[PDB]
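Working notes, structure below.
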Protein chains: 2
Amino acid sequence: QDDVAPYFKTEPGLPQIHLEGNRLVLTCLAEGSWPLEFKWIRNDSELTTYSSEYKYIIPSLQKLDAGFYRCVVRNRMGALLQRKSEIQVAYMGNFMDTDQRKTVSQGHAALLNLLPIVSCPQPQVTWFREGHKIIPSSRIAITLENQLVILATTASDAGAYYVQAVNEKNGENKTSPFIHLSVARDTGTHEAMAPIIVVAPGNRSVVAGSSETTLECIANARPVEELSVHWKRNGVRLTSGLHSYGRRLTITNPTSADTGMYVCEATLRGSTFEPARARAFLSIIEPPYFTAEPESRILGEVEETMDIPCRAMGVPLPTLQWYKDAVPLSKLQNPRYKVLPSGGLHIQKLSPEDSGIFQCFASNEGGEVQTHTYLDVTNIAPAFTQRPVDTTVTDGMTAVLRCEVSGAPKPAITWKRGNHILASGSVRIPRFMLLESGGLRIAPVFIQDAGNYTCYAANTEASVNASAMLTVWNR
Amino acid sequence: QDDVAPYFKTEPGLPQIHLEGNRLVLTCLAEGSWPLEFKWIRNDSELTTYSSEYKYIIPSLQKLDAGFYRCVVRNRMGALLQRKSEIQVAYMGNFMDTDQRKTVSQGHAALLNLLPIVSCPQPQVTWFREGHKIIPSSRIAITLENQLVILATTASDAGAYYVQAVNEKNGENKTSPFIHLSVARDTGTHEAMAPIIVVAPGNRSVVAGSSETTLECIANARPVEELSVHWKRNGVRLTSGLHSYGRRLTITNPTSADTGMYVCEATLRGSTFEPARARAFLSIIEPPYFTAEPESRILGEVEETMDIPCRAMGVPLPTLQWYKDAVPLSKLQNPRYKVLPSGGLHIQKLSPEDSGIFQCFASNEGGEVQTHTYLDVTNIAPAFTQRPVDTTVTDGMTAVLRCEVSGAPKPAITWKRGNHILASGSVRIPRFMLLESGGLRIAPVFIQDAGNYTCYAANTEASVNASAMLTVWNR
Ligand SMILES: *[C@@H]1O[C@H](CO)[C@@H](O[C@@H]2O[C@H](CO)[C@@H](O)[C@H](O)[C@H]2NC(C)=O)[C@H](O)[C@H]1NC(C)=O
Ligand SMILES: *[C@@H]1O[C@H](CO)[C@@H](O[C@@H]2O[C@H](CO)[C@@H](O)[C@H](O)[C@H]2NC(C)=O)[C@H](O)[C@H]1NC(C)=O
Ligand SMILES: *[C@@H]1O[C@H](CO[C@@H]2O[C@@H](C)[C@@H](O)[C@@H](O)[C@@H]2O)[C@@H](O)[C@H](O)[C@H]1NC(C)=O
Ligand SMILES: *[C@@H]1O[C@H](CO[C@@H]2O[C@@H](C)[C@@H](O)[C@@H](O)[C@@H]2O)[C@@H](O)[C@H](O)[C@H]1NC(C)=O
Ligand SMILES: *[C@@H]1O[C@H](CO)[C@@H](O)[C@H](O)[C@H]1NC(C)=O
Ligand SMILES: *[C@@H]1O[C@H](CO)[C@@H](O)[C@H](O)[C@H]1NC(C)=O
Ligand SMILES: *[C@@H]1O[C@H](CO)[C@@H](O)[C@H](O)[C@H]1NC(C)=O
Ligand SMILES: *[C@@H]1O[C@H](CO)[C@@H](O)[C@H](O)[C@H]1NC(C)=O
Ligand SMILES: *[C@@H]1O[C@H](CO)[C@@H](O)[C@H](O)[C@H]1NC(C)=O
């Protein structure tokens, strides 16, 4: 054909991470009636101008190039916007070069946080004390946030700790300065410490279909030998998916049946102490999907009212965003564009400048989907659905001549007899000659009203005339 | 820190396509008792030897360097094999440099296949005829396989066609040679043509969780205006997800409820011709998951029988392969290693050589998963559960001296009185002096049997002796 609006051949894939210093080539593959132009956008900011270059090449990736990219295609018809593509860049910074200090009273839990370091993705850490690798045991844990946890600390736990971090994507590794941990011997060598949850499980929301999800719970008590950390769901202790001395519970292939509350509980076996409990909540995000899409192309008559359907579902409920030619309707500030609460678009009076691509985006916390349509608004020249015919009407009785025309917008109809005008939209005021929808009615009719009449229906595009002779018979 | 078998901190992620000439960094991030060593494998072939370097770096990635990579971690305890990672390289070759010719009779469908070109991934195409971009219409379609299909060809459709292919990953573009198409005018301009399916929909198997899938169906008829191609499933025409003049049916978020058969049908609206039909079948692959995993560490006594659980479900049913220290049990040809049909491992008699990591892999047509355990086979020194006690027994009656021990392997028990050995595993013959399991029974007992007795239990590790006095009373 010779009048095709743009449409994409292929949409962006899943987000991806790339190494610093590598070459990146984004492509914008769309088809449509020429001349096609492409503009590139990063983070809702225009990067390039429109050109015949559908590619975008970064010869050496930096960390600042990371973000969300998307392409815009445009020809004479309209503009279409590509879905987001998430380009991440792998980097790892350096530790602040200064030692730190921390003090813990004897028996309490010692929690050493990973010293600040910017890294993408999260680095894998290996903790060290006096040159010896610290491997987790019943008394030592390494939380998911790379924090070291020493349970039931004694005087022998004092010393200088440090960590060695490795970024699993670029292989870079950095060694931190020291954290000097000191233990105060005030609590005593012999006592009993009620179980206390040091690291509680947190609420989690998982996109439906993910491989696995993990929960953690660290607790402190003394004697640590008798400390038991267990997971309850639906009032029953769980046994499957447990890791790291019962401190980690993993849901493999989580589904809607796994949502709800999980309860971490720590008890000191054989003690009169009340247990420690912490609640966590698993929910699942359903990425959006359309239940109502508009047809690909939509024809419209001017001055008409248009409704473009767009409804989408998801968990949580998706949000709809309307664009016209890659411009959000919000910034267009067109008062005639009203967005229905269902999500559909409502256009009051169609004007020729409303032609172009309309786009609907459904967004969740875990997805985004797009639909679009081409709106074609054209003018219709006036035409006669039924022309007036010659008629004979008895004196004193009413007479009606029909002159029905179709046009966009509605043609202005003017009934005139020879050189004088009898009725119009502006003028329907003399001798009870009435203009009704589609025609003229004279009531009553004298012989002085006899003669031939002409109906002039005019539009912004053209004008048309229809003649018909009326003869008045004697009473 | 000693006594900790290896285990990975992170496993490889989903496959990604990389550009030619980019830097590639694979990491083998595992923790465990030092000294740790690492080896690298590509396609069942070692790349590196064992060393203290956990990284593998390709400064300039080439097409030939594509393949499957994995690392093996090893310390004094055993060896552990990482999940394979798929390294794909984006490339785009050229077309075979020669023109081709094709002929179609006026009214038939003309199917032009994309000329041969090797490219990863599959290139997007734009079709041209005499320097004009061919845009799909009701009469012209571009298949999912980049084929151009012209329905109801006329003499005005003859000419030289060519395609321009673009690789969406690296942006390269190549232009094919010419297909000189001629249209024979034998059948005639004035006639009707029955709907005939040209491009049939293909069977599709899709891994569960994929975004979308699409069947295509292209049919030819004349007049092409009256040709309607629609999709029926379960005897009902589908209205959701129709694309490109009804020729494309797209299942969005395909789940188990979407599997089965789909039927394409093409009719000439208002004709006495029978409709044309074509069946297609959609199935869904469920990646493997474990339903039974072994414990992280398993302690075992020598000469005993061991069973290691490994079950895994999925669609299709997964295949399970076993390894011992990164060596497949099939290659080991060990007769004491029997693989259960449920997937479990069965070890007949535990020998100290059986110590080390065992690793179960579950793989299907759409995934692979890993579980492992460390088997520690040790010897247990003999220890008395109950030593012999002083006893007084009436002459003629039976008597029992109890000497029960625990050890691995089973301690050989030798019952001796003074310098003479009354009973042993080798000798249990004399005077109905019988060796009960863990004890000595004299039946009957004469006055000559009085005195104190000693029990000698010995394994390969050590030997222990225990004595007790026996006094016989007169009848
Ligand atoms: C473009 O937007 C992305 C996403 O909002 C930004 O990426 C974030 O960067 C900040 C700091 O650099 C991090 O704390 C976030 O974790 C990143 N991701 C997200 C999802 O927020 C990126 O920085 C933006 N680029 C520019 C130039 O503003
Ligand atoms: C490693 O093996 C893989 C497959 O076992 C090879 O990749 C295949 O190569 C053949 C022919 O070169 C292609 O037809 C397949 O499409 C490839 N499959 C892929 C890429 O998944 C690979 O070439 C081997 N490695 C090396 C270095 O040759
Ligand atoms: C954790 O969530 C509780 C309930 O909130 C809802 O349910 C869980 C599954 C979450 O997914 C959350 O997004 C939902 O809104 C709250 O009662 C509780 O306060 C939350 N805890 C927090 C926010 O720290
Ligand atoms: C299409 O498939 C039919 C059924 O086979 C099953 O479904 C397909 C989708 C595959 O997943 C296959 O592994 C399954 O066994 C076949 O009976 C039929 O012959 C196939 N037809 C063609 C043209 O391949
Ligand atoms: C990275 O690891 C190596 C291996 O031990 C080590 O020698 C080197 O010091 C580490 N780099 C840093 C910056 O600590
Ligand atoms: C209407 O009047 C104009 C002007 O006289 C004339 O050109 C036109 O032909 C008339 N319409 C028809 C249908 O004849
Ligand atoms: C094809 O590639 C050439 C150079 O590689 C480039 O100049 C041109 O713009 C590309 N596109 C077309 C349509 O030729
Ligand atoms: C065992 O018997 C011998 C001789 O019959 C005797 O000398 C010895 O004291 C006895 N053992 C004990 C522990 O009395
Ligand atoms: C008997 O046991 C003792 C004590 O365990 C040990 O010293 C001795 O070597 C054993 N054997 C003999 C023959 O005394």
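Letters A, B, ... go to the chains of the structure tokens in the order shown; residues in each chain start at 1; ligands are counted from 1 in the same order.
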Q) When the cut-off is 8 Å and you count only C-alpha atoms and all ligand atoms, which residues lie near ligand 4, shown as a PyMOL selection string? A) chain B and resi 202-205+260+279-284
Cut-off 12 Å: closest chain B/ligand 9 atom pairs per residue, using only C-alpha atoms and all ligand atoms, as CSV:
```
residue,atom,partner,partner_atom_place_in_ligand_line,distance
B:382,CA,ligand 9,5 (O),11.6
B:383,CA,ligand 9,5 (O),11.2
B:384,CA,ligand 9,5 (O),11.8
B:416,CA,ligand 9,13 (C),11.5
B:418,CA,ligand 9,13 (C),11.0
B:419,CA,ligand 9,13 (C),10.6
B:454,CA,ligand 9,1 (C),9.5
B:455,CA,ligand 9,1 (C),9.7
B:456,CA,ligand 9,1 (C),8.3
B:457,CA,ligand 9,1 (C),10.2
B:458,CA,ligand 9,11 (N),10.7
B:462,CA,ligand 9,5 (O),10.0
B:463,CA,ligand 9,10 (C),7.5
B:464,CA,ligand 9,2 (O),5.8
B:465,CA,ligand 9,1 (C),5.0
B:466,CA,ligand 9,2 (O),7.5
B:467,CA,ligand 9,1 (C),9.5
```
Save the residues we just selected, C-alpha atoms, as a compact mmCIF listing (two decimals), in the first residue's frame?
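What ended up in part36.txt:
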```txt
# COMPACT_ATOMS: atom_id res chain seq x y z
CA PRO B 382 35.47 -50.23 68.91
CA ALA B 383 33.67 -49.32 72.12
CA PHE B 384 31.91 -51.47 74.72
CA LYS B 416 39.47 -66.58 75.20
CA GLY B 418 43.60 -67.68 79.82
CA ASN B 419 45.99 -68.67 77.04
CA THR B 454 38.39 -62.30 78.43
CA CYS B 455 36.73 -60.90 75.31
CA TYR B 456 38.85 -59.43 72.50
CA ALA B 457 37.04 -57.16 70.02
CA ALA B 458 39.13 -55.75 67.18
CA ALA B 462 42.13 -50.62 67.34
CA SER B 463 41.35 -53.50 69.71
CA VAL B 464 39.73 -53.59 73.16
CA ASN B 465 39.67 -56.32 75.80
CA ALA B 466 37.26 -56.96 78.69
CA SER B 467 37.46 -59.58 81.44
```
Q) Can you list, as a count of residues only, every residue of stretch 74-263 of chain B that DSSP puts in strand (DSSP E or B)? A) 100
Q: Just the residues within 6 Å of residue A:80, please, counting only C-alpha atoms, with nothing from its chain fewer than 6 positions along; format it as JSON, numbers by chain.
A: {"A": [72, 73, 325, 326]}
Would you export the selected residues with N, CA and C atoms as a PDB file, in the first residue's frame, please?
```
ATOM      1  N   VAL A  72      11.604   5.846  18.882  1.00  0.00           N
ATOM      2  CA  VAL A  72      10.400   6.434  18.307  1.00  0.00           C
ATOM      3  C   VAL A  72      10.537   6.425  16.792  1.00  0.00           C
ATOM      4  N   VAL A  73       9.530   5.889  16.108  1.00  0.00           N
ATOM      5  CA  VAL A  73       9.491   5.859  14.651  1.00  0.00           C
ATOM      6  C   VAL A  73       8.416   6.829  14.182  1.00  0.00           C
ATOM      7  N   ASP A 325       0.929  10.248  18.943  1.00  0.00           N
ATOM      8  CA  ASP A 325       2.161  10.470  18.190  1.00  0.00           C
ATOM      9  C   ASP A 325       3.353  10.639  19.130  1.00  0.00           C
ATOM     10  N   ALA A 326       3.513   9.664  20.026  1.00  0.00           N
ATOM     11  CA  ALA A 326       4.593   9.617  21.010  1.00  0.00           C
ATOM     12  C   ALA A 326       4.592  10.826  21.943  1.00  0.00           C
TER      13      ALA A 326
END
```
Q.
So the first atom is atom 3 (C, counted along the ligand's line) of ligand 2 and the second is atom CA of residue B:16; what is the distance between them in Å, to one decimal place?
A. 14.9 Å
Q | chain B residues near chain A (6 Å cut-off, only C-alpha atoms) as a list in words | A |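 So the contacting residues turn out to be residues 22, 25, 27, 168 and 170 of chain B.
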Now that the selection is made, can you save its residues with N, CA and C atoms as an mmCIF file, in the first residue's frame?
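Below you can see part.cif, which holds the result:
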```
data_model
loop_
_atom_site.group_PDB
_atom_site.id
_atom_site.type_symbol
_atom_site.label_atom_id
_atom_site.label_comp_id
_atom_site.auth_asym_id
_atom_site.auth_seq_id
_atom_site.Cartn_x
_atom_site.Cartn_y
_atom_site.Cartn_z
ATOM 1 N N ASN B 22 33.729 -8.385 21.789
ATOM 2 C CA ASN B 22 33.536 -7.896 23.144
ATOM 3 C C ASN B 22 34.313 -8.748 24.142
ATOM 4 N N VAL B 25 33.779 -12.249 30.566
ATOM 5 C CA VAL B 25 34.352 -12.607 31.859
ATOM 6 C C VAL B 25 33.432 -13.621 32.523
ATOM 7 N N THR B 27 33.115 -16.136 35.869
ATOM 8 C CA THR B 27 33.639 -16.284 37.217
ATOM 9 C C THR B 27 33.183 -17.607 37.812
ATOM 10 N N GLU B 168 19.303 -7.730 14.212
ATOM 11 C CA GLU B 168 18.827 -6.843 15.269
ATOM 12 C C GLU B 168 19.799 -6.714 16.434
ATOM 13 N N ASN B 170 23.499 -6.685 16.177
ATOM 14 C CA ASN B 170 24.675 -5.889 15.859
ATOM 15 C C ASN B 170 24.442 -4.861 14.760
#
```
Q.
As a quick test: using only C-alpha atoms and all ligand atoms, which residues lie no more than 7 Å away from ligand 1? Give them as a VMD selection string.
A. chain A and resid 43 64 66 to 68
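The Cα RMSD of chain A against chain B, after a best least-squares fit over all residues paired in order, is 1.2 Å.
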Q) What do you get as a list in words if you pick all residues at most 7 Å from ligand 8, counting only C-alpha atoms and all ligand atoms? A) residues 451, 452 and 469 of chain B
Q. Per DSSP on the backbone, what are the alpha helix (DSSP H) residues of stretch 248-462 of chain A, as a ChimeraX atom specification?
A. /A:329-332
Q: Considering only C-alpha atoms, state which residue in the set A:376, A:226, A:265, A:130 is at the smallest distance from residue A:297.
A: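 For residue A:297, the nearest of the given residues is A:376.
Around ligand 2, the neighbouring residues within 10 Å, taking only C-alpha atoms and all ligand atoms, come to residues 42, 43, 44, 45, 62, 63, 64, 65, 66, 67, 68, 69, 86, 87, 88, 89 and 120 of chain B.
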Q | Length of the atom CA of residue A:182 to atom CA of residue A:248 vector [Å] | A | 28.2 Å
(Q) 7 Å from ligand 7 is the threshold here; counting only C-alpha atoms and all ligand atoms, which polymer residues fall inside it? Answer as a ChimeraX atom specification. (A) /A:53 /B:172-174
Residues from last step as file, C-alpha atoms, as a PDB file, in the first residue's frame:
```pdb
ATOM      1  CA  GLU A  53      19.538   5.924  11.243  1.00  0.00           C
TER       2      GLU A  53
ATOM      3  CA  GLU B 172      24.644  -5.227  10.136  1.00  0.00           C
ATOM      4  CA  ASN B 173      22.651  -5.170   6.896  1.00  0.00           C
ATOM      5  CA  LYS B 174      23.119  -7.161   3.692  1.00  0.00           C
TER       6      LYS B 174
END
```
